[PDB]
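To keep things clear, I will list the structure first and then write my remarks on it.
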Amino acid sequence: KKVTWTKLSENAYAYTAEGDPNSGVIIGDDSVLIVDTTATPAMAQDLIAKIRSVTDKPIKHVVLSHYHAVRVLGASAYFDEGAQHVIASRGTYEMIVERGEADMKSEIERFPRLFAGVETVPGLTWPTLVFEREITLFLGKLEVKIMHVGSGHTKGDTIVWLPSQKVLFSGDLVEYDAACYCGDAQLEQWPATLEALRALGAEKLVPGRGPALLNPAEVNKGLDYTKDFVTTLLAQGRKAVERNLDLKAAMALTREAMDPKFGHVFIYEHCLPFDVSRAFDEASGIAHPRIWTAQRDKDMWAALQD
Ligand SMILES: [Cl-]
Ligand SMILES: [Cl-]
Ligand SMILES: [Zn+2]
């Protein structure tokens with residue numbers, strides 16, 4: 001299992017594991033902050049190990065970039081390492097309340113291998129600190145901004161921004177070598193959210209998965225790609241709705257435009273059915289995402305195949 005621990009700047013690191021989402025790490029004067037937890041407390045052990053190869057400081061703050069189980073269910077591992085708060089936006093908190101249980105069951109059923117040692121998961125991760133717009137932590141002298149600048153990947157998407165070093169942890173708002181999972185997306189709002197991230201002027205950006213982007217040209221390529229992906233996806237959904245297509249026809253129409261431009265990115269085929277399904281709903285006027293459950297997955301595959 002290939003693990004990559006990348007020092008991005010004086011105080012910022014990215015943690016990547018083959019096939020897993022990225023986690024972000026900020027080492028402040030007094031304490032460590034992480035962005036997303038890895039999928040289980042058993043998997044969190046190796047992120048802790050990487051952090052402890054650098055510092056003995058308490059892992060005081062655990063930020064959830066959004067509510068999805070793979071991002072949050074490792075949170076309880078960090079208590080013994082010094083966690084004082086699990087931080088989430090109001091939107092993320094609302095999603096945990098509304099569909100945390102359903103999403104936990106859904107994600108573990110879909111991709112059990114993402115949840116190594118799933119028996120170590122104690123239950124849902126409940127934030128202890130919920131913010132509306134923006135909080136700033138001073139880790140000694142190090143300023144860390146935790147911000148909701150708009151929704152996209154989910155209602156409540158949260159970013160972590162290190163202004164002094166221009167390091168942005170985008171959660172799943174930004175991708176580059178992988179497709180966007182849009183099953184819970186607010187597709188209409190995502191382009192404006194991407195432009196808000198562009199206005200930050202990041203020199204380093206940790207995307208949802210894959211290697212970090214290490215200069216502004218790479219940052220903007222990731223922003224442009226993600227914007228193109230989610231704009232095209234929603235546009236094809238509006239076309240399917242205008243034409244009264246069923247889901248199989250909507251998938252074929254979406255592929256017309258998405259496959260040439262994006263068909264090469266990692267996990268494209270895994271994500272595309274959920275993306276077409278969400279785009280069709282949202283274009284149909286379902287602004288708040290339907291909840292994904294096993295029976296909805298089953299009906300989706302049935303509609304797409306036979
Ligand atoms: Cl606030
Ligand atoms: Cl449904
Ligand atoms: Zn996600």
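Every residue, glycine among them, receives a Cβ derived from its backbone with ideal geometry; neighbour counts consider all protein chains shown. Values in this text are rule-based calculations from the coordinates and carry no lab data.
Just to verify a result, which residue in region 184-207, among those that are of a type in the set (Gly, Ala, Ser) and surrounded by 23 or more Cβ atoms within 10 Å (Cβ to Cβ), is nearest to ligand 1 (Cβ to nearest atom)? Lay out the reasoning, then the answer.
So the first thing to find is which residues in region 184-207 are of a type in the set (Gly, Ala, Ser), and the list is 185, 192, 196, 199, 201-202.
Right, trim to surrounded by 23 or more Cβ atoms within 10 Å (Cβ to Cβ) and you get 185, 202.
Details: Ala185: 23, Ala202: 21 Å.
The selected residue is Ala202.
List the number of the failed condition for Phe131; all other conditions in (1) closer than 20 Å to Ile59 by Cα; (2) in contact with a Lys or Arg (Cβ under 8 Å, 6 or more places away or on another chain); (3) within 16 Å of ligand 3 (Cβ to nearest atom) hold.
(3)
So in region 280-306, with the set limited to residues that are within 16 Å of ligand 3 (Cβ to nearest atom) and crowded, with 19+ Cβ neighbours inside 10 Å, which one is farthest from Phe229 (Cα to Cα)?
It comes out as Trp292.
Give the number of residues within region 158-178 that are within 13 Å of ligand 3 (Cβ to nearest atom) and crowded, with 24+ Cβ neighbours inside 10 Å.
Residues flagged as within 13 Å of ligand 3 (Cβ to nearest atom) and crowded, with 24+ Cβ neighbours inside 10 Å within region 158-178 amount to 7.
Just checking, how many residues over region 119-133 are surrounded by 14 or more Cβ atoms within 10 Å (Cβ to Cβ) and more than 22 Å from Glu98 (Cα to Cα)?
So the count comes out to 1.
Residues are listed down the side, and each one gets a yes or a no for (1) farther than 22 Å from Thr92 by Cα; (2) touching a residue at least 12 places away in the same chain (Cβ under 8 Å); (3) not hydrophobic (A, V, I, L, M, F, W, C):
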position: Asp30; (1), (2), (3): yes, yes, yes
position: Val35; (1), (2), (3): no, yes, no
position: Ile59; (1), (2), (3): no, yes, no
position: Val63; (1), (2), (3): no, yes, no
position: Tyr67; (1), (2), (3): no, yes, yes
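In the list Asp157, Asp103, which residue meets the criterion of being of a type in the set (D, E, K, R) and touching a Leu at 6+ places or on another chain (Cβ under 6 Å)?
Details: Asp103 fails: touching a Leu at 6+ places or on another chain (Cβ under 6 Å).
Only one candidate passes the filter, namely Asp157.
Evaluate region 167-181: report whether one residue or more is of a type in the set (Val, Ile, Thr), within 16 Å of ligand 1 (Cβ to nearest atom) and touching a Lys or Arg at 6+ places or on another chain (Cβ under 8 Å).
No, region 167-181 contains no residue that is of a type in the set (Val, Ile, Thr), within 16 Å of ligand 1 (Cβ to nearest atom) and touching a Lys or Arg at 6+ places or on another chain (Cβ under 8 Å).
Do you know which residues across region 134-157 are more than 16 Å from ligand 3 (Cβ to nearest atom) and either within 30 Å of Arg278 (Cα to Cα) or of a type in the set (A, V, I, L, M, F, W, C) (or both)?
The answer is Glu134, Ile135, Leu137, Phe138, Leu139, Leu142, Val144, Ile146, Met147, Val149.
For the condition over 25 Å from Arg133 (Cα atoms) and in contact (Cβ under 8 Å) with a residue 40 or more places away in the chain, what is the one hit in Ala49, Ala77, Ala12?
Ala77
Only residues that are more than 9 Å from ligand 1 (Cβ to nearest atom) and of a type in the set (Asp, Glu): list them for region 121-152, please.
Result: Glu143, single match.
If you take just the strands (runs of 3 or more DSSP E) that sit entirely in region 4-98, which of them hold at least 1 residues that are surrounded by fewer than 24 Cβ atoms within 10 Å (Cβ to Cβ)?
12-17, 23-27, 59-63, 85-89
Tell me, yes or no, whether region 35-54 has at least one residue that is aliphatic (A, V, I, L, M), within 16 Å of ligand 3 (Cβ to nearest atom) and within 17 Å of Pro127 (Cβ to Cβ).
Yes, region 35-54 contains at least one residue that is aliphatic (A, V, I, L, M), within 16 Å of ligand 3 (Cβ to nearest atom) and within 17 Å of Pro127 (Cβ to Cβ).
Keeping to region 254-279, report how many residues are loosely packed, with under 12 Cβ neighbours inside 10 Å and either in a loop (DSSP other than H, G, I, E, B) or touching a helix residue (DSSP H, G or I) at 6+ places or on another chain (Cβ under 7 Å) (or both).
Of the residues in that region, 1 qualify.
Quick one: would you say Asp103 is touching a helix residue (DSSP H, G or I) at 6+ places or on another chain (Cβ under 8 Å) and either under 19 Å from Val174 (Cα atoms) or of a type in the set (A, V, I, L, M, F, W, C) (or both)? Don't jump to the end; show me each part of the working.
Details: touching a helix residue (DSSP H, G or I) at 6+ places or on another chain (Cβ under 8 Å): yes; either under 19 Å from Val174 (Cα atoms) or of a type in the set (A, V, I, L, M, F, W, C) (or both): no.
Judged against the criteria, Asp103 is not a match.
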